[PDB]
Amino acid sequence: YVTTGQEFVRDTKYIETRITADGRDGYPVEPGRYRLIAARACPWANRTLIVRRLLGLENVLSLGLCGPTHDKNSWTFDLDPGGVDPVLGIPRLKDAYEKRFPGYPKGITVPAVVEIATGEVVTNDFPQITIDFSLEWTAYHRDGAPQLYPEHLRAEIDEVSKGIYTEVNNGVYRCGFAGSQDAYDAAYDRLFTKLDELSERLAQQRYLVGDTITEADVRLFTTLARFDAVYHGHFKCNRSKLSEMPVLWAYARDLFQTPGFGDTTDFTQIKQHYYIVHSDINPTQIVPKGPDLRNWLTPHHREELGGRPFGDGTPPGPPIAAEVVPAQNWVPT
C-alpha cells in the first residue's frame, strides 16, 4: 500500500447501505439474519469486535474471523476447518462482495456485515457500523449494556473522534506508508503533537469524553493496542514507545484490563498481519518476537481519576468460548 515519493492517501470507497431498526435500506435488524466478518489484525474491525462484545450482541449477530495473512485478493478464512467460513461456506471474503456486486472493483475490507441467507455483503462502512450497533440494535442489547453514543455527547464524541482519526488512527498509516522522507516527517510531527494533546486531556480526565467509556475510547484503543507491537517499529512511529508515555500508557492499560477490550486482542495475529502482508515495507517478512507484553497487566491507577466505566451499566461476562484468544497469542499469565 506504498506509493513511492508520495504521501499515503486512503481510498474511502465504502458500501454505505445500512442495517437499521426501521429497515430503511431494505435491511432491518433481526437476530440470526446477519453475520459480522472481522479479523483480529485490523484495527477497524477490532472496534466492531469490542462494541459487539460490550453490548452483548454475540448471541444475535454471528461472527466470522479471517486469518492475518492473504494474497492480492484480501481476506481469507484460513484459520478455519476446511479453509472456509463455517456459516457462509466461502474460502475468501471477496466472494461475498462478488455475490452482491458482480465484478466489485473497490477494496475488499473488514469489518464487513454479510446477510446469511443470501451470502451478500450489506455494508463495510466501519464508522457507521459501530454507531449502528449502539443505535439500531438497541432492542437486543444485554441488560447493563452502556451508552457508547448517547445523544447528549455525540457532538463532543464526533469532534474528538475526527481529530483522532486523521491525526492518530490514520496518522500511523500516513507515516508507515509514506513514500518519502518528507511525507513521513510531516506525519510524524502531526502524530506526536496529537498524542501530547491527548496526554494533556487524559491527565485531566479518566476517559476521552465525559464520565464513561464511549465510542471515542474504543476508536483510540484499537490504535494504542497496536502501537508498540507494530506501529513503533514497522511504521517507524518512534519518538518513544507507548510504555514510555506515562498517561497514555496508563489510559491504555485501564481499557485493556476492562472486559471486552483486552480479551478481543490477539497480538500474534496483529504482528503476523502487518509484518508478513506488508512485504513492500518489510520484505524479509520476519516477525519480531518482541515486545514483552506483560506490562499490559500492570496497575494503572486511573481509578484515582474517578469515572464510571459502564455508567449505571455492568461489565460484560467473559467471551463465548470460540471467541477467546488462545493463551499463547495473548499476554503470558
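When you see a residue number, it is the position in the sequence shown, counting from 1.
A.B. asks: Would you determine, from the values in the PDB entry, which of 76-84 and 226-234 has the greater average C-alpha temperature factor?
C.D. replies: For C-alpha atoms only, the mean B-factor is higher in 76-84.
A.B. asks: On mean C-alpha B-factor from the PDB entry, just flag whether 6-14 or 319-327 is the higher one.
C.D. replies: If you average the C-alpha B-factors of 6-14 and of 319-327, the larger mean comes out for 6-14.
A.B. asks: Can you tell me which of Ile213, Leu153, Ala186, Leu248 has the highest Cα temperature factor in the record?
C.D. replies: Largest recorded C-alpha B-factor: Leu153.
A.B. asks: Per the coordinate record, which of the options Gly290, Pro283, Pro43, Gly306 holds the highest CA temperature factor?
C.D. replies: Most elevated C-alpha B-factor of the set, per the entry: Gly306.
A.B. asks: With respect to C-alpha B-factor, does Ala178 fall in the lowest, middle or highest third of the chain as deposited?
C.D. replies: For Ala178, whose C-alpha B-factor we compare with every modelled residue in the chain, the answer is the lowest third.
A.B. asks: Taking the entry's C-alpha B-factors for this chain, is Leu93 in the lowest, middle or highest third?
C.D. replies: Its C-alpha B-factor, which the entry lists for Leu93, ranks in the middle third among residues of this chain.
A.B. asks: Looking at the entry's B-factor column for C-alpha atoms only, identify whether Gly107 ranks in the lowest, middle or highest third of its chain.
C.D. replies: Answer is highest: the recorded C-alpha B-factor places it there.
A.B. asks: Quick one: classify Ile270 as lowest, middle or highest third of the chain based on its Cα B-factor.
C.D. replies: Answer is lowest: the recorded C-alpha B-factor places it there.
A.B. asks: Taking the C-alpha B-factors as the PDB entry records them, is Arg47 in the lowest, middle or highest third of its chain?
C.D. replies: Middle third.
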